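Notes for the structure review
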There are 2 protein chains.
Amino acid sequence: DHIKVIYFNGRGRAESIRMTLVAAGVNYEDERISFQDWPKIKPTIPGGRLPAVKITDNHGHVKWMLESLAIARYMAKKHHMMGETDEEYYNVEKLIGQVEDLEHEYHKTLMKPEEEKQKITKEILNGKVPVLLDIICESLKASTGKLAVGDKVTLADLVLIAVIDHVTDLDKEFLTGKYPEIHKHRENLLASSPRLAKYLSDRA
Amino acid sequence: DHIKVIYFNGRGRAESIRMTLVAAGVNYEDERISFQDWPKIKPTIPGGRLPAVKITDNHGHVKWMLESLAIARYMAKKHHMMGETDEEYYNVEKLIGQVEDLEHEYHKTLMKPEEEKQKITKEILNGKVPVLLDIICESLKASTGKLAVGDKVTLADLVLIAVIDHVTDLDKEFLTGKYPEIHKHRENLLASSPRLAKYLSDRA
């Protein structure tokens, strides 16, 4: 099969797809759609929304996958990254839901004028961002291993890395000297996944 | 009149429009179009390309302006930022054309996958970027004043600031310890235009 990740934002909703495929050792192809190319490409994408995954098999047959986080869930489930037990599966979804709430606050500042972006960034950083970070910090403490859920890589580990990079995009010093469990999670995940470390370092 | 700057990129071709209006003391309104809103907004924009300037007068009448650099030229010409003499007008366009060539190389890395962006960035930084910077550096030396052309602010001063920020976007250390005339131009322009300094500092 040939997996093509059709996206637009360099670090948007498609990062959970790539990080899941990178950690699973599955190859893929990046196809970034430009702002000027989107009007003519959108009718070709089922649903008309990005990101989307296009899978082509050895015979040229095409099947389309939508809803970035649903794609990452399916790829992580097939490669044992959604919890081995039902209780671990809940803990994976518990941190994912908390990360989604933090991604929801970060999304409020995207694609706004410079004056409006700084205002909304100023509100969430003094509002729900530190509150949600404490909830995420408590979920990491309740884990049975060095990672978010258990001791091996799950989807909750990868969506957490993406949302923390989004938080640092709003303020590079928001986590400096704070949230030690979040900093130790990145160190433990980077050591537990050498392929994830190479992707993150080469992306920088 | 009410000037609306319809754009998409936070720091793209619309920066020359804003910096020209800021230095001239003319108020404007930012209207950023999102990637998801572009398919339905494009038929409303004459020409179907961004950025574009929408001017509404006291009676609601609308006149449209296209081609970002042509808009900046008209606004700079009306506020005496295109040279007082014909020979100064040539020197303004001389550095603008050299900046456009450097913007042309920077545009090759935009909206590409992470692997492809790093490759093209690696080629221009070892190619035309240092060559064009030397040509821009020599044009600054031949000036009759502390700025790019003469002693007062012109459009060549502002497009140079925008292209240098684009170069630092590719590599923050490309100008460290190199090109002293380029660093002194930003210092002289910031002192010659307090409104430009506030815009640049508030934008950061």
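Residues numbered from 1 in each chain as written, not as in the entry; some residues may be left out. Chains lettered and ligands numbered in written order. Heavy atoms only, no water.

Its PDB record attributes the structure to X-ray crystallography, giving the resolution as 2.40 Å.

1. Let's talk about the sheet that holds strand β2 (residues 29-32) of chain B
All names here are of chain B. An order of β2-β1-β3-β4 is seen for the four strands of this open sheet, with the pairing classed as mixed. At either end of the open sheet lies a strand with only one pairing partner, and these are β2 and β4 (62-65). Taking the axes of each pair of neighbouring strands and ignoring which way they run, one obtains an average angle of 25 degrees across the sheet. Alignment of strand β1 (residues 2-7) against strand β3 (residues 52-56), held across five bridges, turns out to be antiparallel. The residue bridging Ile3 from the neighbouring strand is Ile55, located in β3. (Pairing = 2+ DSSP bridges. Helix = DSSP H or I, 4+ residues; strand = E, 2+ residues; numbered from the N terminus. Axes fitted to C-alpha atoms, helices over the stretch in contact; angles between N-to-C directions.)

2. Comments concerning the interface of chain A and chain B
Listed per partner, the contact involves 19 residues of chain A and 19 residues of chain B. For the pair chain A and chain B, the summed buried surface comes to about 1,800 Å²; carbon and sulfur atoms form 66% of the total. Taken together, the links from chain A to chain B amount to zero salt bridges. Across the contact surface, chain A and chain B share six residue pairs in polar contact. Of all the secondary structure elements, the ones that give two or more residues to the side of chain A that touches chain B are β2 (29-32), α2 (38-41), α5 (114-125) and α9 (194-203) of chain A. Here the side of chain A that touches chain B is composed, by residue class, of nine nonpolar, three polar and seven charged. (Contact = heavy atoms within 4.5 Å. Buried area = accessible area lost by both parts, 1.4 Å probe. Salt bridge = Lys/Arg side-chain N within 4 Å of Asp/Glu carboxyl O. Polar contact = N/O pair within 3.5 Å; in protein donor to acceptor, adjacent residues only side chain to side chain. Nonpolar A, V, L, I, M, F, W, Y, C, P; charged D, E, K, R; others polar.)

3. Things to note about the domain arrangement of chain A
Residues and elements named next belong to chain A. Examined at the domain level, chain A breaks down into domain 1 (1-80) and domain 2 (81-204). Between domain 1 and domain 2, the C-alpha centre-to-centre distance is 22 Å. Contact with domain 1, which involves 22 residues of that partner, is made by 23 residues of domain 2. Buried surface at the junction of domain 1 and domain 2, summed over both partners, amounts to about 1,900 Å²; 62% is from carbon and sulfur atoms. Taken as a group, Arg11, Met19 and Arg73 account for 36% of the area that domain 1 buries against domain 2, more than any other trio of residues on that side. The interface formed by domain 1 and domain 2 includes four salt bridges. With a shortest N-O distance of 3.3 Å, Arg73 and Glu100 are connected by a salt bridge. Summed over the shared surface of domain 1 and domain 2, the result is nine residue pairs in polar contact. Among the elements of the structure, α1 (15-23) and α3 (68-78) are those that each provide at least two residues to the side of domain 1 that touches domain 2. If you tally residues by element for the side of domain 1 that touches domain 2, the top one is α1, at seven residues. Class assignment for the residues of the side of domain 1 that touches domain 2 results in ten nonpolar, six polar and six charged. (Domains from an automatic or database assignment.)

4. Observations concerning the relation of the copies chain A and chain B
With an RMSD of 0.0 Å, the operation that places chain A on chain B is a rotation of 180 degrees combined with a shift of 0.0 Å along the axis. In the structure described here, the two chain copies are related by an operation that fits a two-fold rotation axis. Of the C-alpha atoms belonging to chain A, the one lying closest to the rotation axis is found on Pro39 of chain A, 2.5 Å away. (Least-squares fit on C-alpha atoms.)

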